[PDB]
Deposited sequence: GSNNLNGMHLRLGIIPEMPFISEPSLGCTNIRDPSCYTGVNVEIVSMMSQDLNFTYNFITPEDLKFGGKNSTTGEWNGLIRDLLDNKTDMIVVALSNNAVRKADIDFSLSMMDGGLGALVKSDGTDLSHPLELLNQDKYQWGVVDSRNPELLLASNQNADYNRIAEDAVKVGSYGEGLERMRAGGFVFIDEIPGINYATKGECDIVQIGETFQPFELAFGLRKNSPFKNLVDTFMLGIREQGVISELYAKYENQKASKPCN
């Protein structure tokens, strides 16, 4: 019964399926949630009904998730342009120093994906000892941040020598063209490459992380968000949404 009594929230988004779509082509206002679909758009709609808040979406000008002074979604949150980030925001230690994360919607991890040549690598760190494949990460997105901050200096070297692409879409494009290992996040990258039989994963998933919403420290509505998220997680609702969008593709 306890709720936010009609508080208005601005929610930070970046389009990336299956979590958040691009705005409809007919959209007349990019902030209008009715212009969007996706797992997280539906989570937010249900959350708003339960927690009794109104909301609009705000997309950062720089279209970055957030790297560190921060940019992207995290800079908009810290600046009070938004009140909560509702992408699948990866919880890593560098971000957690400066913002809070909700109870998570699901667990992710890194995968190294490539267009299969037959002479595929067997483990991601084999990239450091060869010259057949380039590899890449998105600037100001969690995989780069993880790899560069990791205790393991070989992961540091992977980030150091990676091609830096400007967007997730660009990384996928370069990967699809061949000769290029894109290191990014599961499960999302498995959705993004669904049905592309020439795309394979090198070795095992590595460096797991939670995917959650982002909030300023000491937020008065964190506990209510966490309780709502836990309910739909424990009930299987988040898994069912994800599967619905996976099957729509």
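Going by the record, the unmodelled stretches of the deposited sequence, in order, are 1, 70-74, 256-261.
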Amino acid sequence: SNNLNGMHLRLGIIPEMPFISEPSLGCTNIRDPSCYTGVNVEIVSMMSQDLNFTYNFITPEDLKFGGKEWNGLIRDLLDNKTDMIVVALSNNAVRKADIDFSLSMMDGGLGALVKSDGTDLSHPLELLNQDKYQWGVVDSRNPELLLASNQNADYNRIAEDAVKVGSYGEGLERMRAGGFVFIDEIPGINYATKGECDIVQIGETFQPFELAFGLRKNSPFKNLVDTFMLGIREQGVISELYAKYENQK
From here on, numbers count along this sequence of modelled residues.
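Comparing 120-128 with 79-87, the higher mean C-alpha B-factor in the PDB entry belongs to 120-128. In this crystal structure, the stretch out of 223-231 and 20-28 whose C-alpha atoms carry the higher mean B factor is 20-28. Of the residues listed, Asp184, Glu42, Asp198, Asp50, the entry assigns the biggest Cα temperature factor to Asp198. For the set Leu73, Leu103, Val138, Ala159, the maximum C-alpha B-factor listed in the entry falls on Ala159. Sort the chain's modelled residues by C-alpha temperature factor and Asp154 lands in the highest third, per the entry. For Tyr191, the recorded CA B-factor ranks within the middle third of the chain. Only modelled residues enter the ranking. Split the chain's modelled residues into thirds by C-alpha temperature factor. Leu110 is in the middle one. Remark: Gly214 belongs to the lowest third of its chain, ranked by C-alpha B-factor as recorded. Placement of the Cα temperature factor of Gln134 within the chain: highest third of the modelled residues, per the deposited record.
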